[PDB]
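One letter stands for each residue in the lines below.
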Amino acid sequence: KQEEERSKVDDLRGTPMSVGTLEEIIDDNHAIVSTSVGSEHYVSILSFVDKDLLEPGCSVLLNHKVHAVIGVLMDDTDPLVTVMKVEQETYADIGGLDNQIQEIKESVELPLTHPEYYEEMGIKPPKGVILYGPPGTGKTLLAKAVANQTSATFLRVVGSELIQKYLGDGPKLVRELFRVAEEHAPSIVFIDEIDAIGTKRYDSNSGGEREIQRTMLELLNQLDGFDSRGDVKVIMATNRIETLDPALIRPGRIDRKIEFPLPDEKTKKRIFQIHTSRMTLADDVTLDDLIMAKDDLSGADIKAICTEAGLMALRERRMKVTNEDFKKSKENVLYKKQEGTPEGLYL
Amino acid sequence: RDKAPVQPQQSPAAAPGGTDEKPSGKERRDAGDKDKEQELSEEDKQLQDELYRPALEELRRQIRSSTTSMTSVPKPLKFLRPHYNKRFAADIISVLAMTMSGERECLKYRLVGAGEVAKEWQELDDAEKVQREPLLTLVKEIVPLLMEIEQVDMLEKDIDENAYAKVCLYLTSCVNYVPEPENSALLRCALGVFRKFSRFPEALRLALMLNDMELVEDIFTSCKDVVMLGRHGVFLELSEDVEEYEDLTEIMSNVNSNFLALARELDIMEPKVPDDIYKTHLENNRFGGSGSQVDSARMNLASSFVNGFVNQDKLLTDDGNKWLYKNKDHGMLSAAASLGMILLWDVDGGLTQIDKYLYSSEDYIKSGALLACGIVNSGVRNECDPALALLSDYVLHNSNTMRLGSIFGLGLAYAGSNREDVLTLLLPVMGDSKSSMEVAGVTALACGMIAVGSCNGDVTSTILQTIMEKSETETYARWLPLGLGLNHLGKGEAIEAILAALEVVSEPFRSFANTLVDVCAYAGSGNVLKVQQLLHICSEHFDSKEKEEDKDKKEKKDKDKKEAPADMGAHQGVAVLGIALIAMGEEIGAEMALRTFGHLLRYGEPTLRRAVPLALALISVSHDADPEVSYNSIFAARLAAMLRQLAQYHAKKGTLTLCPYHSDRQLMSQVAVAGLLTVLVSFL
Amino acid sequence: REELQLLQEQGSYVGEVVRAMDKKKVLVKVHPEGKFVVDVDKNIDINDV
Ligand SMILES: Nc1ncnc2c1ncn2[C@@H]1O[C@H](COP(=O)(O)OP(=O)(O)OP(O)(O)=S)[C@@H](O)[C@H]1O
C-alpha cells in the first residue's frame, strides 16, 4: 500500500543522508550532484519523490556510498524571515523631512499600488531610489515609517543580514528573498546600509574579492537584471555616496537618489517637542538655545539628549529638569563640538 | 530618614502607640515607606492583635498589597470599608485599588455566584471616574448587569471617549475575544446611552447586530427629527438584513410618506445610476477588449455575461441581436437574464426591455426573461404575478425553468419576515422536485433567503418537510443543505444544529448536510471549542465535508483576519487549497490575498485553476489585469478560457452576499450548474 | 580494565545541530563539513535536540 511505497522510498535511501547541490536538469533518472566537496557523478535520482521540482543550483538529499540523489531538501529557512517576512506609521511625532516621506511615497507606493499611470503618460515606474546622508537624520527612519504607511506588507532586510560566509549563502539568500519578493506577493523588500563594498573588511569572513563578488553578481542579475522587477519594489538607500561600484550608478539598476540634511529650526522645535514631551518640561529652559547652538542635530543628539536629561533630573527624583541638567546631558552627548571662531568672528 | 526610631514602633501592642503610628503610616505612605516595605516579616506577627483596628487593617492591606497576594490582600479592605486625587490617594486608589479590587472581583466572579463586592466595584468605578481613566478601568470592569449600570452611571458628559473607544474596542473584542451572551447586554446599554446621544450610525450598527425592530423605529423617528437623508436611507438599505426591511416598511406603511419610499426599494437606486452616468465615465473599448476574445459560443457566452455586467449606458442591452441566438439553452438562460444585469434599475424600463424576451419563442428565453424581471429590482412585486400562475408543471415543462427564474427573482426581490404565499407555491416546487437540480436548489435557496436573518432561524414545518423529502431520495444533498443552513441563519443561540444531528446524521451525504447545518449555526464569535472541533474533524476521511467545513473559516474569523491564513495550501487535500481560495473571497484584497494568489494562480487542475480567478478578480474590483495577462500566458482547454473570462467579469454581515458563493461552491459540475451561476447579485 | 576494548575504535566527535525535526532527524552541522541530515539514537526524544 502507501505505507509500503514509503518504506520502499526509504529503502532507496542510505542511512547517512548527505547533501549535494544539483548542477543541471538531466532527467535520465540520474543527475550530476555536488556534495559539500562536489561529488559530481551521474548518480541516480529518485523518480517518484519529485526529481525535477528543485532547480539546478539547489540543495538536495544525497547518499554516502554513491552520493545518489536521495530527494528534495527539507524546508530550509534563512535567519531573516522574522525581519523580512513581517507579521510606527506615517508620523507619531511630525517634525523632520516632512517631504522625503511624501517623495518615497510617490516613488514606492503610488507606482506599486496604482501602476496605471506609466501607460497613462508613457512613463516607467522608479525601479530604484537611493537615500543617504548622516548616521541617522531621516533616511532609514522614513523607510521604517513607510513600512507601516503602505497598503502592502513591507519587508525589512538589513544590508548585513545578507552576509553569511557559507558556500553560496550570499546567492542562497538572494534566491530565497527573491523567490519571496516574486512568489510571495508584491512586497516592499527594504534593504538599508547597502553601501558595504568600499573600504573595510571582516575577521568573520574570507577574501571578499572572490567570496561576495559573485554573490553581488547574483544579487544584481536577480534584482534589476534578469528575472527583472515587474512590480518588485526592492529599493536601495544608503548613508554615503562614494565607495560604490559604478556598475549600478548608471540608471536602470537604480533611477532616483535622495539625500538628507539635518533638520532645521522649524523641525528642531518639532522633534524637541516630540522628545521633550517625554519629560515634565521645566519650561524655563530655552529649547531655542539648544536649537541654535546644536544647529546640526542629525536626530540622535535630540533623542539621546532628552533621554539623558530626564536621567540627570530623575537621578534627583525631580519632576522639572533645570537648564543645567540639559546642558550636562547634551554636552555628554555632544563631545568634540567647537562651533565658535571660525566663525566665530563676525555676526 | 533612618528606620531606627520608626521601625521598633511595631513591637509593642499599645493602642495609643498603634493608633498614633498608623496615621504616621498614612503620612509616610506617600512613597509607601523609605523603601519597598521590608517591614513585612516583622509586622506579620501583629496579625493576631485586635481601637482603630480599622486603621490596623488599613496598614495591613497596605503592606500586603505592597508585597503580594490575591485574596488575603482585599480582605482587610472589605473588612475596612475604606473610611477616614493626591499622590498618596494615587497610591491607595488607582494602582492599589485597581489590582486589589480586580483580583477580589475575579475571585468572587469565578468562586461565588455578596453585595460588598458590588459596593467596592461601584466605589472604585466612581473613583476612576474622578480619575477619568478609560481603557484599563473599563477593560478591567468588563468581566463583572454590572456593566449596564456602570455605563448609565458613567455616561453623562464624556461622549467621544467612552462611546468611541470603549464601544468600538469592546465590540471588537466581543466578536474576537469575548463570547456572545454578554455582548447582548453590551448592545442594550449602548442602545440606551446612544438614544441619549447623537450620530445615529452607532444605533444603526447596533441594529445591524441586534436585528431589532424597535431600534429601527426609534432611529427612523429620530432621523426624521434630525433632518444626507437620501444617503441615510441608501445605507440603511445597505446595512439592513432581509428580516427588518419588511417589518420596517409595514410598520411605516402604518404611520411623511417618504420613509416608505426610501427604506424598501426604488430610492437607494434612484440617485445611483444617474450619478453613475454622470461622474463615472467608462469607455466602450472594454466591451470590445473583453468581447474580442475569439467566439467559442461558450467563451462567447462568458463574454456576453461580462459585457452584460459592465455597470456609460445600456449599450449591451440594445446591442442588436443574434448574440443570444448564437448562445445555447443555459447560455440563453444566462444571456436573457444578462439584460437584467445591465439593467439592475429602471423598474419601468426593465419591463419595456424584457417583454420582448418575456413569454417569447424559446423556453429558455422566457425563463431567463422572468429571471431578469426578478433581478432588475426588488420593490415592484408586479412582475411576480405573470409567472406565479404558470410555475406549476409537476414534471418537466417550460414553467419549471420559468419557476427556477421567477422563484429566484422573488426570493431576491421580496424577503419578508415570513412570506408564506411564495412558500405555499414553493411547496408544489419541492413536492415536484424536478430532476433538474436547479428546481430544489432554488426552492431551498428562496426559502432561506426569505428566512435568513430570522430570530435564531426557525424549526418551522417548511424546512422540516424539506429535510423529509431530501432524505427521501439520496447536488440535491449538497444544495438543499444550502437552503437548510440559510433558514438556520440569523441564529445567535438556536438549537437547530442539535435537531439536525438528531434527524439527519447518516452516510456522508446527510452527514455533510449535518456539518452544513453546523457551519450555518456559528457565524462567528469567541467559541474556540468548535474551532478545535473543526481542527480535529478536518482529519476526517471524507474529502468532501472537509471542503465546506474548513471553508467556514472566512465567516467564523473574518474580523481579525490576520490569523485566517492557515496551512490549507500546506495541506494535501487539494480541495483544501480551494478552501483557502474561497477563504480569501472578495474584500479589498490585502497583500496577503496576493500572498495566497501567488501560488494559487499557478495551478494545473482545470477546476482549481478555475476556482482561483473567481476569488482573485472578485477581490480586486500595471496592477489588476496583471493576473489576467498571467492566466493568458498560463493557458496560452476551454475551461481555461472560461475562467479567464470569469476573471474579466469580476474585474469590472449582509446576508445578501453570504449565500450565493457557497451555493456556487459546487462548481465541479456541468455548465447547466453554471446556468444558474448568473444569480450572484451582491454588488452595488 | 576489560572494558577498555571499547577504547580502540571511536572517540566519536561533536557534530553540531542547526535544529531538530520529526522523522527522527535533525540538521547537523557536520563541523568540518556541510550539513547532512543523518540518523539518530533511540535514547532521547526529538524535542530534546
Ligand atoms: N519623521 C522623522 N524625520 C526625521 N527624523 C526622525 C523622524 N522621526 C524620528 N526621527 C529621528 O531620526 C532617527 C532615525 O535614525 P535612523 O536613520 O533610523 O538610524 P540608522 O538607520 O541606524 O542610521 P545608520 O546610518 O544605519 S548608523 C531617530 O533616532 C529619530 O529620533
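Residues numbered from 1 in each chain as written, not as in the entry; some residues may be left out. Chains lettered and ligands numbered in written order. Part of a larger assembly, values for the part shown. Heavy atoms only, no water. Residues with missing side-chain atoms left out of burial classes, pairs and counts.

Method information in the entry identifies cryo-EM as the source of the structure, with 5.7 Å recorded as the resolution.

As recorded by the PDB entry, chain C carries the name 26S proteasome regulatory subunit 8 and is attributed to Homo sapiens. The title assigned to this entry in its PDB record is "SD-like state of human 26S Proteasome with non-cleavable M1-linked hexaubiquitin and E3 ubiquitin ligase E6AP/UBE3A".

For chain B, the name recorded in the PDB entry is 26S proteasome non-ATPase regulatory subunit 2, with Homo sapiens as its organism.

**Q** Can you help me understand the interface of chain A and chain C in this one?
**A** Many descriptions give the size of an interface as the accessible area lost when the pieces come together. With nine residues of chain A at the interface, the matching set in chain C holds eight residues. For the side of chain A that touches chain C, the per-class residue count stands at four nonpolar, four polar and one charged. (Contact = heavy atoms within 4.5 Å. Nonpolar A, V, L, I, M, F, W, Y, C, P; charged D, E, K, R; others polar.)

**Q** Teacher, can you tell me more about the pattern of salt bridges here?
**A** A salt bridge links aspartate 289 of chain A to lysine 327 of chain A, with the nearest nitrogen and oxygen atoms 3.2 Å apart. Taken together, the positions of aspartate 289 of chain A in helix α8 (residues 287-293) and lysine 327 of chain A in helix α10 (residues 323-333) put the pair 38 residues apart, joining distant regions of the chain. The partner of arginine 419 of chain B in a salt bridge is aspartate 421 of chain B, and the shortest N-O contact between them spans 2.9 Å. Salt bridges linked by common partners bring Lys3, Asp33, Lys34 and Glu39 of chain B together as one network. (Salt bridge = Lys/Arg side-chain N within 4 Å of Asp/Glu carboxyl O. Helix = DSSP H or I, 4+ residues; strand = E, 2+ residues; numbered from the N terminus.)

**Q** So what exactly am I meant to see when it comes to the interface of chain B and chain A here?
**A** Contacts between chain B and chain A engage eight residues on the former and 14 residues on the latter. In terms of residues, the side of chain B that touches chain A owes the most to one element, helix α35 (residues 591-600) of chain B, which gives four residues. Counted by class, the side of chain B that touches chain A contains two nonpolar, two polar and four charged residues.

**Q** Looking at this model, I keep getting lost on the packing of helix α37 (residues 626-635) of chain B against helix α38 (residues 638-651) of chain B. Mind explaining?
**A** In a pair of packed helices, the angle between the axes and the distance between the axes together describe the arrangement. Residues and elements named next belong to chain B. Axis separation between α37 and α38 bottoms out at 10 Å; the angle between their running directions is 175°. Between α37 and α38, the angle falls in the class roughly antiparallel. On α38, the residues that touch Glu628, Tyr631, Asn632 and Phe635 of α37 are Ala640, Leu643, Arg644, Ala647 and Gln648. The residue makeup of the contact of α37 with α38, split by class, is five nonpolar, two polar and two charged. (Axes fitted to C-alpha atoms, helices over the stretch in contact; angles between N-to-C directions. Parallel < 35°, antiparallel > 145°, perpendicular 65-115°, else oblique.)

**Q** What is the right way to look at the pairing of strand β5 (residues 69-72) of chain A in this model?
**A** Each regular strand carries side chains that alternate between the two faces of the sheet. In this structure, strand β4 (residues 59-62) of chain A lies alongside β5 of chain A, joined through three bridges in antiparallel fashion. For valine 60 of chain A, the partnering residue across the bridge sits in β5 of chain A and is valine 72 of chain A. (Pairing = 2+ DSSP bridges.)

**Q** What's the story with the packing of helix α25 (residues 421-432) of chain B against helix α27 (residues 461-472) of chain B in this structure? I'm lost.
**A** Residues and elements named next belong to chain B. Closest axis-to-axis distance for the α25/α27 pair is 11 Å, and the angle between their directions is 5°. Classified by the angle their axes make, α25 and α27 are roughly parallel. Within the contact between the two elements, α25 uses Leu423, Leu427, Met430 and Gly431 and α27 uses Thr462, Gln465, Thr466 and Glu469. By residue class, the composition of the contact of α25 with α27 is three nonpolar, four polar and one charged.

**Q** What is the right way to look at the packing of aromatic side chains in this model?
**A** Ring pairs (aromatic) are described by centroid distance and by the angle formed between their planes. Residue and element names in this part refer to chain B. Centroid distance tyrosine 52 to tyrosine 84: 5.3 Å. Interplanar angle 85°. Geometry classified as edge-to-face. Of this pair, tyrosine 52 sits in the loop between α2 (40-43) and α3 (53-67) while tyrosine 84 sits in the loop between α4 (74-80) and α5 (87-110), and the two are 32 residues apart along the sequence. Here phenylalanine 194 and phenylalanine 197 contribute two aromatic rings whose centre-to-centre distance is 5.9 Å and whose plane-to-plane angle is 40°, an arrangement assigned as tilted. Three or more aromatic residues joined by ring pairs make a cluster, and in this case those are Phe305, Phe309 and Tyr649. The ring of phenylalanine 197 carries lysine 196 above its face, with NZ or CZ at 4.7 Å from the centroid. The ring of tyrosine 414 has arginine 381 lying over it, and the distance from NZ or CZ to the ring centre is 6.0 Å. (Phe/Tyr/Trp six-rings, centres within 6.5 Å; stacked < 30°, edge-to-face > 60°. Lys NZ or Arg CZ within 6 Å of the ring centre and 35° of its normal.)

**Q** How should I be thinking about helix α3 (residues 100-113) of chain A in this particular structure?
**A** Its 14 residues place the ends of α3 of chain A 18 Å apart at the C-alpha level, agreeing with the 20 Å of an ideal helix rising 1.5 Å per residue. Along its length, α3 of chain A shows its largest kink, about 35°, at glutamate 106 of chain A. (Expected span 1.5 Å × (residues − 1). Bend = angle between axes of the 7 residues up to and from the residue.)

**Q** I tried to follow unusual backbone geometry on my own but got confused; where do I start?
**A** Negative phi values dominate among residues other than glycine, just as trans dominates among peptide bonds. Of note, the bond from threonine 341 of chain A into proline 342 of chain A is cis; its omega dihedral lies within 30 degrees of zero at 0°. Tracing the sequence through the fold places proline 342 of chain A in the segment after α10. The residue after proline 342 of chain A, namely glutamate 343 of chain A, is reached through a cis peptide bond having omega 0°. As for its placement among the helices and strands, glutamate 343 of chain A is situated in the segment after α10. Look at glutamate 193 of chain A: it is not a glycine, yet its phi comes out positive at around 50°. Turning to its location among the elements, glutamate 193 of chain A is positioned in the loop between β8 (188-192) and α6 (213-223). Positive phi is not limited to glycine here, since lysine 24 of chain C has a value of about 60°. If you trace the backbone, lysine 24 of chain C turns up in the loop between β1 (16-21) and β2 (25-29).

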